[PDB]
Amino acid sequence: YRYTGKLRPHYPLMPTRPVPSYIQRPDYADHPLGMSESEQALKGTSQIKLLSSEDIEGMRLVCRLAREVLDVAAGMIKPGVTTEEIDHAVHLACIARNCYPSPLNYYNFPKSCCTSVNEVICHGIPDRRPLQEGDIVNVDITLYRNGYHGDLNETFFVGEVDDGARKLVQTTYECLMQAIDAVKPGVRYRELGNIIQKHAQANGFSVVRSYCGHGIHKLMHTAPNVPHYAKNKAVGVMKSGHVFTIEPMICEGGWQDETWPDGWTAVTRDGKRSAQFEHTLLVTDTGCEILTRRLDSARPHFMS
């Protein structure tokens, strides 16, 4: 394998971390290949669940807990901390909230969060690498509570960063929020990529094509599929009671991606930086509820 940039994996990984049995587990947790029967059973379906009031309560709670765990991770970001140390903290913070760390064993993913540095687009695996001053690092948190998943992510700066890092991360955050601002009943899911791409392209960045936002509730990934680039062909129209994420990945160079031999880590083919932000959203009768928002503080971590 020819690496696309300066990043490398830092092995060995710690043996996988157990979750106590009193924590309720998603189906794939105990499947030998980490397959989710319940997702596979809706593979190829375009139909979007209309959440009940009970379902909405469940999503509100797990998403608030997921935000709390993200905040824990944001607190740890400093030069010299390893990504594995972040993941260990995350793992304990999930268990403390009586939640299962959704990524753990999802299709045999080895860790309890995703940590994506610099040219990593998404799904980086926490490992023994200490964060370096000038890195950008995204932490993606997904929790499972009482049969509901909640999903969010933010990009952080490690110490002082360059102006290019600042612009990339600001633009990516703006892309997400412009999309969110458009969410309401009657909007086609395909429009959001037109919005994102327009803002990315205006700032000289490209938009990853291979990974999309997604429905989420009882399943971690389900309908709708939500592309982040323009002129996509996504199926569906927003209605009150839909829950889904929007999670644009924006790049300094070209949009093309490839995957490391680990089967997870997605990197820019050119080795240039990429940043991401993610929220889980509920469509209401007039607009949307950002389930993973901060309740206590006006701005994402990288501004603060």
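All residue numbers are counted from 1 along the displayed sequence.
Quiz item: Do the C-alpha atoms of 239-247 or of 264-272 have the higher average B factor in the entry?
Solution: Result of the comparison: 239-247.
Quiz prompt | Between the two ranges 5-13 and 280-288, the one averaging a larger CA B factor in the entry | solution = So the stretch with the higher mean C-alpha B-factor is 280-288.
Quiz prompt | Maximum C-alpha temperature factor, selected from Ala234, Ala74, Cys175, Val120 | solution = The C-alpha B-factor peaks, among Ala234, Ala74, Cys175, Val120, at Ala234.
Quiz item: Between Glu154, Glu160, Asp151, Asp127, where does the Cα B-factor run highest in the record?
Solution: Of the options given, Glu160 has the highest CA B-factor in the PDB entry.
Quiz prompt | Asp87, C-alpha B-factor rank within chain (lowest, middle or highest third) | solution = Its C-alpha B-factor, which the entry lists for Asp87, ranks in the lowest third among residues of this chain.
Practice problem: Quick one: classify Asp181 as lowest, middle or highest third of the chain based on its Cα B-factor. | Solution: Middle third of the chain for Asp181's C-alpha B-factor.
Quiz item: For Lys111, does the deposited CA B-factor place it in the lowest, middle or highest third of the chain?
Solution: Its C-alpha B-factor belongs to the lowest third of this chain's values.
Quiz item: Hey, what third does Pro79 fall into on Cα B-factor, ranked over its chain?
Solution: According to the entry, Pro79 has a C-alpha B-factor in the chain's highest third.
Quiz item: How does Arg145 rank on Cα B-factor within its chain, lowest, middle or highest third?
Solution: Within its chain, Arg145 is a middle-third residue by C-alpha B-factor, going by the deposited values.
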